[PDB]
Amino acid sequence: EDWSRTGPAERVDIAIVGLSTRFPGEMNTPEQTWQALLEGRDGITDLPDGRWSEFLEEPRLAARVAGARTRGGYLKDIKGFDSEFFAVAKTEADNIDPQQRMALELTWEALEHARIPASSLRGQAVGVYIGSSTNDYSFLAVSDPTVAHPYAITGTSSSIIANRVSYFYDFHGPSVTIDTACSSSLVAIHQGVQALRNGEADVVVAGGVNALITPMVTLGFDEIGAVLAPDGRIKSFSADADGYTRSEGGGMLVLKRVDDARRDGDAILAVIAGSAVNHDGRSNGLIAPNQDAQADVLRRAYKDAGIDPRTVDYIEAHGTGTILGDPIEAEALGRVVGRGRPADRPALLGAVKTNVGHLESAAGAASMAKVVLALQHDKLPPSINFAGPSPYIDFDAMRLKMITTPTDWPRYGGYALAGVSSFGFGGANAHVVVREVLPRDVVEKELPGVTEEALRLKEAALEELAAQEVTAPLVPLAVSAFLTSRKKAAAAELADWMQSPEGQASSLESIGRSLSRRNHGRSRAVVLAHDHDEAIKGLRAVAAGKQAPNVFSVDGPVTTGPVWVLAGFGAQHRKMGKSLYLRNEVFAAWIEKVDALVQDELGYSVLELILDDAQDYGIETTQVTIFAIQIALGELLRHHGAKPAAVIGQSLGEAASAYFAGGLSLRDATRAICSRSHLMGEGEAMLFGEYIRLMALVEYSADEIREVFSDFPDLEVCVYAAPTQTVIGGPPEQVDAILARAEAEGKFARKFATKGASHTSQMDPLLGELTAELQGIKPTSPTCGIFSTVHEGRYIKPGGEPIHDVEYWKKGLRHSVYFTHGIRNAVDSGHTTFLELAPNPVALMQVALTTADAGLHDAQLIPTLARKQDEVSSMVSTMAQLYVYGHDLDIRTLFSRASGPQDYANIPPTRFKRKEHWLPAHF
Amino acid sequence: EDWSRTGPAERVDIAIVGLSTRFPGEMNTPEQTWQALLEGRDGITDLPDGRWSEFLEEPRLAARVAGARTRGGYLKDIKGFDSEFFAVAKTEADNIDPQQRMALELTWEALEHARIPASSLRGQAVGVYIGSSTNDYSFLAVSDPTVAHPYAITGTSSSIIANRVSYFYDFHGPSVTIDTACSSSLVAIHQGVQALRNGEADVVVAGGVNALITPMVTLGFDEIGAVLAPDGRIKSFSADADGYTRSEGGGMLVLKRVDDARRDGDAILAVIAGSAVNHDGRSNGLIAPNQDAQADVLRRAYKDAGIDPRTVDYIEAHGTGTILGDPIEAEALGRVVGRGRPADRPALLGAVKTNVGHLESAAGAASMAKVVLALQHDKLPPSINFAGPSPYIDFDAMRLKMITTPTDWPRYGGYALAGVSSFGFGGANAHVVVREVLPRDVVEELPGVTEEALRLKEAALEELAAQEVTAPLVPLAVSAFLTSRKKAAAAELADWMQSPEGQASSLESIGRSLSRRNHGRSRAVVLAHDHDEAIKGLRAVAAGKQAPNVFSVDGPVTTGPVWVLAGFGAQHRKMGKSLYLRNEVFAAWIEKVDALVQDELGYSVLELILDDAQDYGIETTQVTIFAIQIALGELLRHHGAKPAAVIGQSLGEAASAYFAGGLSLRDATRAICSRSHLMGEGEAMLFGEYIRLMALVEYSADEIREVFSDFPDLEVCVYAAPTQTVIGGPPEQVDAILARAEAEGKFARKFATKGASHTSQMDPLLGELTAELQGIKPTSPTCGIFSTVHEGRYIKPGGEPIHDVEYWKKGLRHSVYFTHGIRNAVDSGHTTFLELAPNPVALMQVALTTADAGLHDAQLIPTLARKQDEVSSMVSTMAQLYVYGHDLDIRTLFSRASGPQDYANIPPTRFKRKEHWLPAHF
């Protein structure tokens, strides 16, 4: 229990990993926005259709709509919401919005652009600092003074804009709304940066929105004087300037600490070095700018960033196109930035306001987007509407050079640098210093190991592998949604895109990666493919509804976790786990660790037998090798994020089971399995003749056995495999007599010709030596609920008490195995998914029979590696199935870490079914 | 310039130095609030006479309003604003959102409660984080969308609530309005704390405000249908809980870094240690409280503070009074705060909502008052409306215990701790932990007096202690932004001082209280010894009648002062000795220059000052007057005075060199002794054929240039006035002009001086003056010099070195141009002259010259006099400097206050308000 104060908040650079735009004419993606900037577009139009259609009544308001300057930037389709995506009823979805629609959708788009799964942030400390300015839908919220509506407080409140975002996405972090007029987005970004720096949140969504709903604000802005341009365009720092115009839109940015963005392997677009914010006092008039105030903002921001303001290559300015504000801004800029510039290194001016207009509270977002895009495409957009340098600004006296044609970056200090300024009409100034990505923030600051023979055989095997065919790897394409119809439609779209030339030119692995870095919704589907044609066929199957040999698609998560069936009675095949050792590294490391342990215990190395294909097997070597492969498989699964919920183990697959439950540790499990195997080795080497036993898989139940031992009292029960079948072992004579009886009673019988007939009577001498060996292990509290087949199948609850002592390993070896009772108890406790970790799946048939008798016929049997199969593909299929059914699996960990934008694909984005959700408001 | 990545932020504790209040019931200072809390008053009332009165016109909404849950903590006087005080016009003032008016007034009240004058914060890094969750005045103001007024965007907006506060008070710091529903205040405070910890502000005014203007929001909040209590009394953590009611009223807090509060001298009311804020996430919807989030805020807050939550005493909580939310808050509290309590330790619980209601965005402002006020009076207030423990929450199970009667402070683990929690209805949660003030956070070669000086000082202190004490003169400083307001404030203060509480208060305490208030444009000062003199002076100020010790002014004097460093024959037997015995800065500087003069010639001037038997020769008088001038000016500059222009005379040039930045100290000492020893040696060796006897005559420059061929060896010594002139020459030609002017009608007052300077007689002496002024460095002056050496022409500030060896060579020979320099000062606006000598002799000449040049309202301030107590004289000069509007820090006139007994509850500032409201046609 530590309570000793947090610690200092170190000043660090803040990476930017995502970005999304809904600008009033620069279009709705950060690739359309870049095209519009690079070409140079104008988003100013007249009132589309009827947008004030509501206030267009009261026929005198109509006159002043056609009397006030009503041009500006508008956004098509303000009314639109996929209410079933965002889980809002029809009666509620119209009382919300429209700024909260834009916020909710822009958060999704920014998270998709950053390529972080939106489902990986639910239940995490993610701050949401959103800046809004006006509440004008609330007017529509109350239009009939004969009724009143609920849902109105949370529907059109201003705080609730930044709360709903935290609600829907389940963000447990500081969620506030900001209001500082025309600078809300920049101060919101500044506060997000501060929150990230003092460790309140790990990822922050920042930005701002703005919507134009009523003409009342425009009418009020009209009656101030000459503040609104008759033309409807904005020419910043030009000879001509007669006012700005008001636009609607919004922007969002996903901020992350630079170390966090390097560790998580994301692509950094640009870093923020520092920022500042202040007020301007007087400022003779509430809406009059100041020079010393803005110079103070610049100085504080650039001292926070730790850079020299005279090495800045570009300055995105406020530039609201005023004959009085612009000279003041230019002089303030030149007093700090253009102070000692040697007349040949001028700072480039340029304002995004000439393309989009004045975006109010979202203005600081829009500029930011530009400065980010120009810092990733390595260009500089030109500023439109510029006629000629203004009389009241002496450009060459300062270091200002208003660009007109797309230039390249003038790196006056080596790396690209920029500054974004924004000044509100209340007097709140903000300035953000945006750098470019740099090399400095992508680079970081005993046991008997393998023997000498192992090296030789490994060297031979690697060349033999490198002297074979060029096999096509198996790639999982993962499609997902929150419903089933959405998943089908998305699969159809992805299949269609995969056939066009862009889809055909894209590598399969890149498409798989881009799919694996998306949202993992409730409904999931996976298509395992080798080339494009197989992928298209499987995606068509998913979209239609049919099944396929290697295509999985379920409707909802399985409620209960898996049960790891640690099997391995008769699972050996001569090439046990050799391919995976060469072609997978975690498997090889865990195998070598187990080899070191086994070498310490017994003397020989499992790795030699595994790699070599000359020596065959035997009960000792078979058991130890199967245990080693089981451990390696379990750790490979748990390296990708798999977690057992219960564990059941049969015979030799018991010790490994212990390690997977927290009932022992790897060394103790190795102890137990090696001692056991050595005991059977020597015992079966000795006991023959008057001591020979046998085994038989007879079709007798637990009760049909209770009336069949009377004739042959000396037989015993080895394993209760299924509630139809059972392994019997006893004297040879009585064994063939029972086979003859089974033949004449309609009962299948088959002899297992294995010397090591354990669990019956041959181990009576051996257990004493066992007592000499295993004494000294330390059982601990089980972190996983074990279905003890040795204790007749009681669901020993996690965390209770150590249950793995020397008697348990003695009794389990001596007495019978209660597999079917344990499985029956498991299916009656909720579990439906069983995962068998064995070289060759043989126990899934027994599990299928037991679960079929127990009532549940639609189970989920998931096998590991098998014979005459590609082991890498088997592992991929097992992990894909785990992903589909809903269990713990990080799909992003399959595909390797990328290098650049060429390792991903331009897969189609998600779609929303937007319906007109508007309120009938008569004024 | 250096740009090297401003260092990190260090997690320090934030002191609260001020506080305001406009809660229901306690509509005033935080001393009525304490009475109402300790009394258990209920501020929840019904609908006032007319509250809405706008939408209560249509006979449809009227019935629904009449059948709604419309009881709550309604405030009186929402429509009253003091327009003239806040400089806004009329048509602008009816628009301004009442939330903005409330914030404007509460900021002033907080700055008064903290005892930090508002005018002292002009144009500095002052952050303004204000929380506000609604603007329903936009409905009324932007109603009638036909002919609506221009001012609705600037006026009734939300980003402007904090921006007007930053504007009016001229705060250059981060100003922002915050919106997180019912947690806004507790969030804003939190953000302010972070600012003070990363260096983006120095004093932060953080708080919240809320107002009920429209019933539509109330009727809507009634919906759902089961969250508004029938009666209205919020019963929190009780068996009965039928909802909550709305309220209005806000609150501010003046936050400072604890180091700043310690260093300045303010009284630390309480200390915030940590704060945290997060969101619920998804639990059961927006308006469904989640418990794991409400435990996480507590854990993060108490790890940010570094405080173990199992030692907190008071858990002032949300207490919304809902039948479901309160148990959830209880489990949240018991999981973190009361987890491991050794079973006595009943984690005393309380809520302020039961006295004032639910204040929405200002809720975190209400609780932060209750916890602070209690922390200032060392006693928990009772919490009303607690019938019995609720069935669903087991109080004794976790650690909980409701408080019902005024209870003393448990002090588990040492000091007093607390915790304020707010949980918004949108999902935002905030928790702030407050400590108690602690013993920490409040605490942490040139010879001097020689042996002979020590002995004489001991004798002088014996003599000083022999005589009894006399009442010290105390300046009472009244100020306002208008003449009428200052008059009214003076009248009210006099009425207060006639009252018994105003009769049992020490005058020093009243002065101290008045010195830490806003110093406006109109100013007035009354210097008094006892209460009746003060009362009569205050009545004179209110009436407008003049008085000896009363000073008053209608507006600031534009140009800066002029330090007339002069004096010829102003010496007497005991100058500069009484204030040396009753002031330590003056004494320190006297000894500082005494070391230098000991270095220069052979001896200490302080010995001459102490001993009263010394016969003041020319050399000794010159150096003593130089030392007195230096100490006087540096004492004046220690209190914040700053000369705008200096002008010397004779031996006044040497000190003007130091006070203009043209020279360092040792340079001025070298100059003054180089002059003095030479004159001292030279004067004795002069006789009948050699003495150039100086005498004053009453002939101006033209009237001496006319009659100058009559008198050959006579010469100008000092141009003193546009009519007078000091002349020097051989005695017979002196007497001849004296006698002729006697008949002509002129005045020939003769000087009995013997070391006659400003003559051709000094030519022999200049040879050693040349060699005794070497090694000094003239330096660029920091302010203008009206040098009398160079004819009197002005010299601009920050130019080139002037006081070189040749400059002093000219100064010791050629005539003094005092009168022309004074007239040149007249030319460029200057009106105030302050004369630094132990006797105001040059003031007469300056007065005559200013009368010549057309100034009849010329402010001429003498510093010291003879046969006048020197400390009283200095207090008078410094009060006059304050009065006229120059740069004097009046708060430094008094001593550091050791407790609340050192201040006086003087009447507060008054706001004369008028009704500003819009038409109600909605």
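Indices start at 1 and increase along the chain as displayed.
Going by what the header records, the deposited coordinates were determined by electron microscopy, 3.4 Å.
The backbone N, Cα and C atoms fix where each Cβ goes, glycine too.
Feature list (source: Swiss-Prot):
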- B:11-436: domain 'Ketosynthase family 3 (KS3)' (DOMAIN)
- B:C182: active site, acyl-thioester intermediate (ACT_SITE)
- B:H318: active site, for beta-ketoacyl synthase activity (ACT_SITE)
- B:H358: active site, for beta-ketoacyl synthase activity (ACT_SITE)
- B:562-883: region 'Acyltransferase' (REGION)
- B:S650: active site, acyl-ester intermediate (ACT_SITE)
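Where Swiss-Prot records a feature, it is marked here on the structure.
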| residue | record | DSSP (3 states) |
| --- | --- | --- |
| B:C182 | active site, acyl-thioester intermediate | helix |
| B:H318 | active site, for beta-ketoacyl synthase activity | coil |
| B:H358 | active site, for beta-ketoacyl synthase activity | strand |
| B:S650 | active site, acyl-ester intermediate | coil |
Sort out the sequence-distant neighbours of B:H318 (active site, for beta-ketoacyl synthase activity) for me: same chain, 6+ apart, CB within less than 8 Å of its CB, listed by position. B:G325, B:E329, B:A351, B:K353, B:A363, B:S421, B:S422, B:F423
Residues satisfying Cβ distance under 8 Å from B:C182 (active site, acyl-thioester intermediate), sequence separation of at least 6: B:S133, B:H358, B:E360, B:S361, B:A363, B:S422, B:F423, B:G424, B:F425
Neighbouring C-beta atoms (10 Å sphere around the C-beta of B:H358 (active site, for beta-ketoacyl synthase activity)): 25
Protein Cβ atoms within 10 Å of B:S650 (active site, acyl-ester intermediate), excluding its own: 24
How long is the Cα to Cα distance in Å for the two residues, B:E444 and B:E445, that sit at each end of the 46 unmodelled positions? 31
